[PDB]
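**Q** Please find one structure pasted underneath; my questions will follow.
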């Protein structure tokens, strides 16, 4: 398992514009298009991202290309962030993937806001961090995904993902 497989399980793959859990227009592997309520706006952003007149439908390769850019960007956001980087540097490989997942989902800023959890992770206080992480809108809104990521931080293994969809 790796970050791509992991996020592919959590986000799924849809080739037509769809609404995410918050009701925002998205496509592919969790690629957020816009927070605007206009489908047109969404289609415009999609054409711009793809470089062609899509009419709201993309191919698998196109979805995978946005996905690679998105993972790349999450990693880069982490390394550029003064609060995130030190946590990321302190972690083992599996737990690094859990951090990327959250940044992919919520963005740098959002994650950078979990001050107490970040400290705990940095200190390697796994159980404590897992409890703190659970006291969040994130956990209450998308609990099954939140549970997978938290278990990953707790254990440092891929066990939460070793049975599911996307692949595992």
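Numbering starts at 1 and runs along the chain as displayed.
This deposition comes from X-ray crystallography, 1.8 Å.
Using the three backbone atoms N, Cα and C, a Cβ is placed for every residue, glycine included.
Copying in the features that Swiss-Prot gives for the protein in this structure:
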- 11: active site, proton donor/acceptor (ACT_SITE)
- 20: active site, proton donor/acceptor (ACT_SITE)
- 32, 104, 117, 132: substrate binding site (BINDING)
**Q** What whole-number value in Å do you get for the largest C-alpha pair distance within 32, 104, 117, 132, the residues recorded as binding substrate?
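**A** Those residues reach a largest Cα separation of 27 Å.
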**Q** Just counting, how many other CB atoms are there within 10 A of the CB of residue 11 (active site, proton donor/acceptor)?
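**A** Around the Cβ of residue 11 (active site, proton donor/acceptor), 21 other Cβ atoms lie within 10 Å.
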**Q** Might you list, by sequence position, any residue in that chain lying six or more from residue 117 (substrate binding site) with a Cβ less than 8 Å away from its Cβ?
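**A** 129, 132, 133 - these are the non-local Cβ neighbours of residue 117 (substrate binding site), listed in sequence order.
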**Q** List the same-chain residues at least 6 positions away in sequence whose Cβ sits under 8 Å from the Cβ of residue 104 (substrate binding site), in sequence order, or say none.
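**A** For residue 104 (substrate binding site), the qualifying residues are 7, 30, 70, 71, 74.
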**Q** Provide the number of Cβ atoms within 10 Å of the Cβ of residue 20 (active site, proton donor/acceptor), excluding the reference atom itself.
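**A** Its Cβ has 17 other Cβ atoms within 10 Å.
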**Q** At the level of the C-alpha atoms, what whole-angstrom distance separates residue 32 (substrate binding site) and residue 20 (active site, proton donor/acceptor)?
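**A** That separation, Cα to Cα, works out to 8 Å.
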